[PDB]
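Everything below concerns the one structure shown next.
Values quoted throughout were computed directly from the atomic coordinates according to the rules given, and no laboratory measurement underlies them. Note: ideal-geometry Cβ built from the backbone for every residue, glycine included; neighbour counts use all protein chains shown.
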Amino acid sequence: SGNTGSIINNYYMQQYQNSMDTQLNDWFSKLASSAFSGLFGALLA
Amino acid sequence: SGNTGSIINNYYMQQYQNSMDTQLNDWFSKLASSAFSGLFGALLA
Amino acid sequence: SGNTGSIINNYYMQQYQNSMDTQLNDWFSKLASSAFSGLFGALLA
Amino acid sequence: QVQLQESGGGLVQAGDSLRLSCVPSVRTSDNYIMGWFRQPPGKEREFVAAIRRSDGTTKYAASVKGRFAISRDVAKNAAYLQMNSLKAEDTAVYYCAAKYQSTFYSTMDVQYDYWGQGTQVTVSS
Amino acid sequence: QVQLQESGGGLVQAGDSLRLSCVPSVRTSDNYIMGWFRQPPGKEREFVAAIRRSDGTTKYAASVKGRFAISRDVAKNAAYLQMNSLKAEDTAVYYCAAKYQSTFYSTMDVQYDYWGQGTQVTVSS
Amino acid sequence: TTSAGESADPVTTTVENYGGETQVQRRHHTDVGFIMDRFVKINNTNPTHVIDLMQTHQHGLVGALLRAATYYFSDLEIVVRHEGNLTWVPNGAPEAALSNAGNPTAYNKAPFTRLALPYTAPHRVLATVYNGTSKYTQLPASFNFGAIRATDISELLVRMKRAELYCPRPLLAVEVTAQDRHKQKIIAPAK
Amino acid sequence: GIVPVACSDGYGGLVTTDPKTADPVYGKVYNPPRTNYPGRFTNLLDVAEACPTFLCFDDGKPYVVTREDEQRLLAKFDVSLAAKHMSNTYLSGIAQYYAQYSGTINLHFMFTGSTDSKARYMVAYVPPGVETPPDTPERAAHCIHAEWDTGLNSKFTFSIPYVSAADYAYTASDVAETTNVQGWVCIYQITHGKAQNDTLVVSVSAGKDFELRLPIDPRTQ
Amino acid sequence: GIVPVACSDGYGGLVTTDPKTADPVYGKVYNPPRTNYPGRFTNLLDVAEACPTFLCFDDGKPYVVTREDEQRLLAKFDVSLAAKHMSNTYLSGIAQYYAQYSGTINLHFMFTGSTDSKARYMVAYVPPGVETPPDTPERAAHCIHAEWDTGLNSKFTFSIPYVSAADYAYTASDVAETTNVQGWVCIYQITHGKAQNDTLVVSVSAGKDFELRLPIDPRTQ
Amino acid sequence: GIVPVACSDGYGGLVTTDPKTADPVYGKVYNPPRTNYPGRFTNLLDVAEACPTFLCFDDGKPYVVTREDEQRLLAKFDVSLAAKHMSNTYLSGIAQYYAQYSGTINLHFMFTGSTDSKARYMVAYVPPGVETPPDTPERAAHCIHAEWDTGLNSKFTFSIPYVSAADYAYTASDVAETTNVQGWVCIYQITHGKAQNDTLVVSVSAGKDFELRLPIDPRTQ
């Protein structure tokens, strides 16, 4: 769902508009969310 | 239902889009599904 | 309803597409259905 | 697509009459306009007379208005150019033509589609 | 887009025969019309004979109607103009052409798209 | 697996016979109704053409896959590129019916004409081969879908709708002359 | 914005038999009432069933005359709506505008001789497979047939079966190819007593399961 | 007023494989019934499974003959639907009209020697990675193989595995580049007793998970 | 009749970024499975956060060296994704394809001197409003800054604030007009003991609320 802006459903079936993925995980999202913040050691504000 | 990819119903009735079959059995599907597999005799795995 | 093959209703009202009949009986259908069949006299099959 | 078969050409002398005919090869259900073009010796082709297939709407040239007459046979799918009271200037090569694409009177002598090989008409004096 | 390769030109004398060929560079699935234009010495280009790719519908010029013959090879994707019984007037520069855009018979000799460099045919007497 | 060969029963061994694993398959592209539903060319058109499917090229996709069946049934779609009007008469019509506008006649629009025709043959199925004759190498004259007519027709395309095939026949591939396999050029980017 | 569409190619042109309508220009028009108007037919085959019309034998007569001869073959005609005998019929006049047909075809035989004149007739259906039809009732007795004599009831109806290979038949014979695709119908004169110039009128109507299939427009116009 | 639309550009033209229909011109047509018509196939791979067809070895024979020699290599062919041995097959005739494939390919070996003639055969799958195939069963015993002798049951089916890097393979070998992308299949003659001119017939059919993927139309027309 | 429409003018033409789709021509295609394929990124700013890349100081080095001089200004660069120091960064390589930005920009300082070498550094953010940046830490102590010495932990991250008048800033400096629209960043060397040739490596990554706004395509092609 990127760069499509019509509210109405498609006229053609999903089987014909694009291919179908089969089966048998965002790394950098988790790698950025698991970043360190805050401080290290003690703080004297 | 082969090679038709629109979800919306047809604008014309079924009586006019194509002819109508009347009445009064896939052979090779059953002939392939009834094929022999496995082994013959004994097995020593 | 002869030789019209669209399923969707008409865009124009019935008052404008064709004229309107007013009031104030198929003869040959009944004349053919009331035809004689069978036999005449006795039968020895 | 369509080929045109012409008939009736030949040689006459001044004062006589000739009859040209043309029948197309296929009998499709179109509104074609059978016409007649002539090419005088050492001059360029020019329009003579046309007729519509549906009705008998006939066009003519200023040269041949009272003399020539064109007609059509609905049954045999033919067209005839009855040439009358020929002049010595009427010597030319006469071509038929079809003009299937549009059948309006205003354009009835400008753009034809199938010609068919011309006949030879050489009137003497 | 498409380039045309011509073959078979040369020099003959009156009464002999020549065979011109032309093969296009790409084999796209179109209905193109291979034709032949000739340009006599000191005169302008003119149509000779064309052929459709689908069927063997052939057009011709009034000059060369019974003599010349055009054909097409579905397998090798070629076209051949078999010139017969040449006249001393047949000396010219012969060009092929493509006409991909429309393939109707009525317009089969008016507007071609790709020409390809012409061959030289100079018949003697 | 070992079996009696002369009995002609079908036998399908697996890779499980030596530890393997049969994988899941999808055969949507070799469906009969799917593969026959594409427009294919008819390269011999006339001012008058009788629509016979055995006039498709014998080595095309649909042409060859149709020669690989004894019988068939189908509706039809045609794409005609014509001059003037296009008349269609059904199966069995006189040839003189093609000059009248009571029959389906299409007044030509700009690019071409795209119609849908039913199946009008008097038989339950049509055939690609016939062993014998039909009067009192050549199929019966009733093996067609009708006829079309225009002043000249430039191209004709046909498409089989609701196709059904029966009794398969041999389907051949191009022959290998002396190689170990038939090698040909395959599309690959430039540079 | 607004709804985008794709103006498809190949679609749009006028077909003279298309199933769609035109757009009106003159609203609110009422017709004069025609309630219970007599003599309406909504099917051509209803009229073709209820109303039989005459056949056309030699000299253009609707009847065959008994013969003072050794020949017992009154008339013979192909099972074809394009036959020479059916050229003047309503069934044939309708069937000329269709491609195919199937079903029964009824023949009616009305005897118009005097009271003191008797006769016995026979009609046989000769399906295709022989080169020439039979000309003796003794030899045509092996087909499907029926016999009948003359008496109080002066009419007789015989029903020609639809027997063929295909489910439908063409209503037009193709070319000068001989041996009609369907059979023949042969009328015989088994015997007659004091019937020298008495006639037998023949007419044809459609059967119970008769049917015409694909409309065409074949006449030169 | 009326609904406004945007006639989009790029949309509308005819594609010869598009998934939409045309508009009809001839209504109310009924077909003759074909209920329970025999011999229908709705998938090409069903026929390709149930019906195996022969291979074509040297001299154009469907079989390999035992050899009175020191050579124990009967035949060898690439795992390719475009191989010289599969040129006359139905599997190959179908596979020529597709771009890619995947799955099993079954080989059948029918022995047609007399009763007093014995033999023992071997078939090995030689995946790619060697430049030349092995020509000794002792050296090809390290691949995937199977052995079998002759007896009451005269047929033997061996199933070629689909082993490769990509999930699909091309059904056409690209160019004069050597060393077929998939392996080879090598048939060996382990031993034989009194089998001088006896043959072994080979044929091929599709496996349980065989599949063809992208329809094309590649032949010169 | 049929539905009437108004083919509007101005609508229909192709825009290269329009939000509508095309119509398909090749149905029923299945891809090979790529479940749990490693190393996927769905946002460029995720990679820009997690992976910092080096700055480019004089002589094209990712680091500044302590100086045996009276000058305590190691390096100074404009707060601009188009600066000379950020020319080789991933943040800048991404930001070149957008019109505007807003949010935090993090700087990382890694000390790579020996154990027997100490130092104390300082970084200050000098917002716009002065003509020339300060060159003394005593004078740049009045901006927003931070100090840090060397020890066990060899990295230090300082976060440049987004302080301006407008809610967004251009990611490209307009013309030879001087005095960068945003401030400068000045790195100082407060003191050092026995650190003669030891270096301090600098790199930059995106902050927690960094953002790029309007996609463009500005490079000469």
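Can you report the number of residues in segment F:150-181 which are surrounded by 18 or more Cβ atoms within 10 Å (Cβ to Cβ) and either more than 23 Å from the chain's Cα centre (by Cα) or within 30 Å of D:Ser25 (Cβ to Cβ) (or both)?
12
How about segment G:1-52: which of its residues are assigned to a strand (DSSP E or B) and more than 14 Å from chain F (Cβ to nearest Cβ)?
Start the filter on segment G:1-52 by keeping residues that are assigned to a strand (DSSP E or B), which leaves G:3-5, G:15, G:30.
The answer is G:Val3, G:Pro4, G:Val5, G:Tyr30.
A quick yes/no check of all residues on (1) over 23 Å from the mean Cα position of the chain (by Cα); (2) closer than 22 Å to G:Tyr30 by Cα; (3) polar (S, T, N, Q):
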| residue | (1), (2), (3) |
| --- | --- |
| C:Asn3 | no, no, yes |
| C:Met13 | yes, yes, no |
| C:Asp21 | no, yes, no |
| C:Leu24 | no, yes, no |
| C:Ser29 | no, no, yes |
| C:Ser33 | no, no, yes |
| C:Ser37 | no, no, yes |
| C:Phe40 | yes, no, no |
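Which of (1) more than 7 Å from chain F (Cβ to nearest Cβ); (2) buried (at least 19 other Cβ atoms within 10 Å of the Cβ); (3) not in a strand (DSSP E or B) is the odd one out, the single condition G:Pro218 does not satisfy?
G:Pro218 satisfies all of (1) more than 7 Å from chain F (Cβ to nearest Cβ); (2) buried (at least 19 other Cβ atoms within 10 Å of the Cβ); (3) not in a strand (DSSP E or B) except (1).
Mind telling me which of the residues E:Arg38, E:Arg45 ends up being among the charged types (D, E, K, R) and either under 17 Å from E:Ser71 (Cβ atoms) or surrounded by 20 or more Cβ atoms within 10 Å (Cβ to Cβ) (or both)? Talk me through it step by step, then tell me what you get.
Values: E:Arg45 fails: either under 17 Å from E:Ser71 (Cβ atoms) or surrounded by 20 or more Cβ atoms within 10 Å (Cβ to Cβ) (or both).
The conditions single out E:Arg38.
Could you grab the pairs with beta carbons closer than 8 Å, sequence gap of 6+ or different chains, first residue in segment F:40-62 and at the interface with another protein chain (Cβ under 10 Å from one of its Cβ atoms), second one among the aromatic types (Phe, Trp, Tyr)?
As it stands, the answer is F:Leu61/H:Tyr97, since those pairs meet every condition given.
Test H:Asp69 against the stated conditions and say whether it is outside any strand (DSSP E or B) and within 29 Å of F:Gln58 (Cβ to Cβ). Spell out how you get there, then give the answer.
Details: outside any strand (DSSP E or B): yes; within 29 Å of F:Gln58 (Cβ to Cβ): no.
Spelling it out, it is not the case that H:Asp69 is outside any strand (DSSP E or B) and within 29 Å of F:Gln58 (Cβ to Cβ).
Is there a residue being at the interface with chain B (Cβ under 10 Å from one of its Cβ atoms), under 20 Å from H:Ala48 (Cβ atoms), out of contact with any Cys (no Cβ under 8 Å at 6 or more places or on another chain) and crowded, with 18+ Cβ neighbours inside 10 Å anywhere in segment F:13-25?
Checking segment F:13-25: at least one residue is at the interface with chain B (Cβ under 10 Å from one of its Cβ atoms), under 20 Å from H:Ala48 (Cβ atoms), out of contact with any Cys (no Cβ under 8 Å at 6 or more places or on another chain) and crowded, with 18+ Cβ neighbours inside 10 Å.
Of all residues in segment F:93-138, which are within 7 Å of another protein chain (Cβ to nearest Cβ) and among the hydroxyl-bearing types (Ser, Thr, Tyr)?
Going residue by residue through segment F:93-138, those that are within 7 Å of another protein chain (Cβ to nearest Cβ) are F:93-94, F:96-97, F:99-109, F:111-120, F:122-125, F:135-136.
Across segment F:93-138, the qualifying residues are F:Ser99, F:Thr105, F:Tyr107, F:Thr113, F:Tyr119, F:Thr120, F:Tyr136.
Here is a list: F:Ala8, F:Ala110, F:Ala101, F:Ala69. Which entry is surrounded by fewer than 20 Cβ atoms within 10 Å (Cβ to Cβ), over 20 Å from G:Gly13 (Cβ atoms) and aliphatic (A, V, I, L, M)? I'd like the intermediate steps shown before the answer.
Numbers: F:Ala110 fails: over 20 Å from G:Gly13 (Cβ atoms); F:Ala101 fails: over 20 Å from G:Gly13 (Cβ atoms); F:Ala69 fails: surrounded by fewer than 20 Cβ atoms within 10 Å (Cβ to Cβ).
Exactly one of F:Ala8, F:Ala110, F:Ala101, F:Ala69 is surrounded by fewer than 20 Cβ atoms within 10 Å (Cβ to Cβ), over 20 Å from G:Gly13 (Cβ atoms) and aliphatic (A, V, I, L, M), namely F:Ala8.
Would you check if D:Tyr80 is touching a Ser or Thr at 6+ places or on another chain (Cβ under 8 Å), within 30 Å of F:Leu86 (Cβ to Cβ), assigned to a strand (DSSP E or B) and among the aromatic types (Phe, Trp, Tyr)?
On the way: touching a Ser or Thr at 6+ places or on another chain (Cβ under 8 Å): yes; within 30 Å of F:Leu86 (Cβ to Cβ): yes; assigned to a strand (DSSP E or B): yes; among the aromatic types (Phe, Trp, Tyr): yes.
Taking the combined requirement at face value, the residue satisfies it.
Rundown of residues vs (1) closer than 24 Å to F:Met160 by Cβ; (2) more than 7 Å from every other protein chain (Cβ to nearest Cβ); (3) crowded, with 18+ Cβ neighbours inside 10 Å; (4) of a type in the set (A, V, I, L, M), yes/no style:
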{"site": "B:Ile7", "(1), (2), (3), (4)": "yes, no, no, yes"}
{"site": "B:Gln15", "(1), (2), (3), (4)": "yes, no, no, no"}
{"site": "B:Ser19", "(1), (2), (3), (4)": "yes, no, yes, no"}
{"site": "B:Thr22", "(1), (2), (3), (4)": "yes, no, no, no"}
{"site": "B:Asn25", "(1), (2), (3), (4)": "yes, no, no, no"}
{"site": "B:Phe28", "(1), (2), (3), (4)": "yes, no, yes, no"}
{"site": "B:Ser33", "(1), (2), (3), (4)": "no, yes, no, no"}
{"site": "B:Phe36", "(1), (2), (3), (4)": "no, no, no, no"}
{"site": "B:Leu39", "(1), (2), (3), (4)": "no, no, no, yes"}
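In segment E:31-57, how many residues are within 11 Å of the chain's Cα centre (by Cα) and within 20 Å of E:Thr103 (Cβ to Cβ)?
Of the residues in segment E:31-57, 10 are within 11 Å of the chain's Cα centre (by Cα) and within 20 Å of E:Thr103 (Cβ to Cβ).
One residue is enough: does segment I:29-47 have a residue meeting the conditions buried (at least 16 other Cβ atoms within 10 Å of the Cβ) and touching a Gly at 6+ places or on another chain (Cβ under 7 Å)?
no
Any idea which of H:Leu74, H:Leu91, H:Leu81 is within 30 Å of F:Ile35 (Cα to Cα) and not in a loop (DSSP other than H, G, I, E, B)? Lay out the reasoning, then the answer.
Working: H:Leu74 fails: within 30 Å of F:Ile35 (Cα to Cα); H:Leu81 fails: not in a loop (DSSP other than H, G, I, E, B).
Answer to the check: H:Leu91.
Mind listing just one residue for me: the one in segment H:65-90 that is among the β-branched types (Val, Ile, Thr) and under 24 Å from H:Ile190 (Cα atoms) and, of those, nearest to the other protein chains (Cβ to nearest Cβ)?
Of the residues in segment H:65-90, the ones among the β-branched types (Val, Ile, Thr) are H:65-66, H:79, H:89.
Imposing the further condition that a residue be under 24 Å from H:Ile190 (Cα atoms) reduces the set to H:65-66, H:79.
Details: H:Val65: 17, H:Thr66: 18, H:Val79: 10 Å.
Step by step, filter segment H:65-90, then rank; the result is H:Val79.
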